[PDB]
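A single chain comes next, written as structure tokens; it is the form deposited in one PDB entry.
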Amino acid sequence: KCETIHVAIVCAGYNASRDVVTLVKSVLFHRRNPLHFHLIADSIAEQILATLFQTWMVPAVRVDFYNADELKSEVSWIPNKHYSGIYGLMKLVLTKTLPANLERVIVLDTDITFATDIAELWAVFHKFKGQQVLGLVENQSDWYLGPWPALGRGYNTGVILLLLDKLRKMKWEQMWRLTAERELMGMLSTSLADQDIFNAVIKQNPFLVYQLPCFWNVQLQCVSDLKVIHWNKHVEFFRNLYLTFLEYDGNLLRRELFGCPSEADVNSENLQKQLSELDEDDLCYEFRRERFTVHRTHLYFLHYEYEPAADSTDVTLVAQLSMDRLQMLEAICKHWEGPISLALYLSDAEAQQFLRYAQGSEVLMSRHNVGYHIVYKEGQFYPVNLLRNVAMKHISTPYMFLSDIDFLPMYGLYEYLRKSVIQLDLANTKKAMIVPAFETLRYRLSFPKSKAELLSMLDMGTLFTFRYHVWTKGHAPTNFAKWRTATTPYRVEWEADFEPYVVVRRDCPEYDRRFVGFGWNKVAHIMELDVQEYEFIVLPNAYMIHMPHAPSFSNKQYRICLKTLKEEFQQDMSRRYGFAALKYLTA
């Protein structure tokens, strides 16, 4: 029928989070039933996958999280060759942690790929008989034939089918615990973690197992017949399946399936709401719809480790990019030694291309303090403020430096900003520190190593003020004339369309998502800063340089619609704040 199929997965860390996304893409493509994922996760996986599934909005898919750390005390007495083995052991205790009403589940490891509809494997449960409660595929390796005890060749636990009711009725907890203790007296440690334990139980209790055909867990023989693949001539085809699912557009999987009632979690309810309230006749409909659009988000795509800073002064460089600016990553890493947060607007293919590039970069693999957040492409305009908000929400520091992927910061800018947060008393007062922005017209080989070199180059016409030839306003309030000779930080007041690059405390106002596509977004943000009486201080020894780039993908209606978005922003601001808004409209 439309019965819901229940899938339990243990997943800890960043790699497992990626891998489970790939598994889930595989199940969804061929699925025809509702799905309920029970993710037993550590804190890292729980955060990443929680946000991921919230923003994915897959119809008819429920996801429950179970804290895996709170489970280690159940299996930590069983020694393992690899510490990660403890997570494997946790399958043994699913009967305890899963809800009591849940009668049967399919357990999968993260390196499993589906090649068919999961309803078939789920249907195999009906062929169980009597005291059969475990469904497993023979271990296709000769590990147990030549080592913990096993029944014949033994069984692989990458794919397990559990009758939870019967397992609870048989008091499975006591049984596997006794078996484990009894065998652990002789064998000192488990090599293959849960797998070992399971085989011993099935060896001791050969009535428990129902052997699944080889083809429900193809451990990489028996291409039509192969249905579930397990990684560790026909290999090239399956590697192409795996690559096909890595790169397959997750957004295509939001497809609804009738016959079955769908569930719109809570975010989908409100999205449907907002898209209904809209005026379809209005010619800026795409702008309003992308004001409310929800993108798949995969936080912390790569391994991440932040080292707690002594001071409460640490600063994160925050930026966003699409694939055409991948070239900037390493450059920034050479110039900025502190933590970095990046929102990357990619397609799934581009996400995996980025994966390969980053793993093949010495600088990127040596940096563990850069969080790379993937916002998957959707719709027609570059959601610059969505991206900025995603990057700036997920930082590990009290202060952040809001930059572009296209600037290279001054060498030593990071430590200088920390000294500045101390010097300008950013801990006790509401201030926005400005980093003066300059530009170059072609890539250069010697980067200025001092403000004196900066000034010499500027006097030769090889460096210029940022956007100097198009919008001299926007950075003119910085006053580069007095910055030139200044030695003390100095205060500047707000002017129309002013758009500096600032370092601020992390809980500052976010960007307004109504301004999709290229427009007056940063200007609106700076106005938001100025109403809340953020003080604009220019730093006498800081600077950043914009690298030249080709334009990225100008209809008259688009100009008109931006103008209407600007108007509606000023009107929501007049209502939002009050008399304070007036000094900005006269601009």
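The first residue of the sequence shown is number 1, and the count goes up from there.
Omitted here: the form solved in complex with a small molecule. The next part is about that form.
**Student:** Only one of 170-178, 428-436, 448-456, 510-518 gets a heavy atom within 4.5 Å of the small molecule in the deposited bound form; which is it?
**Tutor:** Careful reading of the contacts points to 510-518.
**Student:** Could you work out which of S552, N67, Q557, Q532 is the residue within 4.5 angstroms of the small molecule in the deposited bound form, going by heavy atoms?
**Tutor:** Comparing distances to the small molecule in the deposited bound form, the residue within 4.5 Å is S552.
**Student:** By the heavy atom within 4.5 Å rule, which residue out of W148, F245, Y501, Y372 makes contact with the small molecule in the deposited bound form?
**Tutor:** Here the answer is residue option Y501.
**Student:** Going by a heavy atom distance of 4.5 Å, is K166 a contact of the small molecule in the deposited bound form?
**Tutor:** Answer no; every heavy atom of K166 is more than 4.5 Å from the small molecule in the deposited bound form.
**Student:** Considering non-hydrogen atoms and a 4.5 Å limit, does the small molecule approach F114 in the deposited bound form?
**Tutor:** It does not: once the small molecule is placed as it appears in the deposited bound form, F114 has no heavy atom within 4.5 Å of it.
**Student:** Quick one: does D404 come within 4.5 Å of the small molecule in the deposited bound form, counting heavy atoms only?
**Tutor:** Taking the distances in the deposited bound form, the answer for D404 is yes, it comes within 4.5 Å of the small molecule.
**Student:** Is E307 close to the small molecule in the deposited bound form, meaning a heavy atom pair under 4.5 Å apart or at it?
**Tutor:** Answer no; every heavy atom of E307 is more than 4.5 Å from the small molecule in the deposited bound form.
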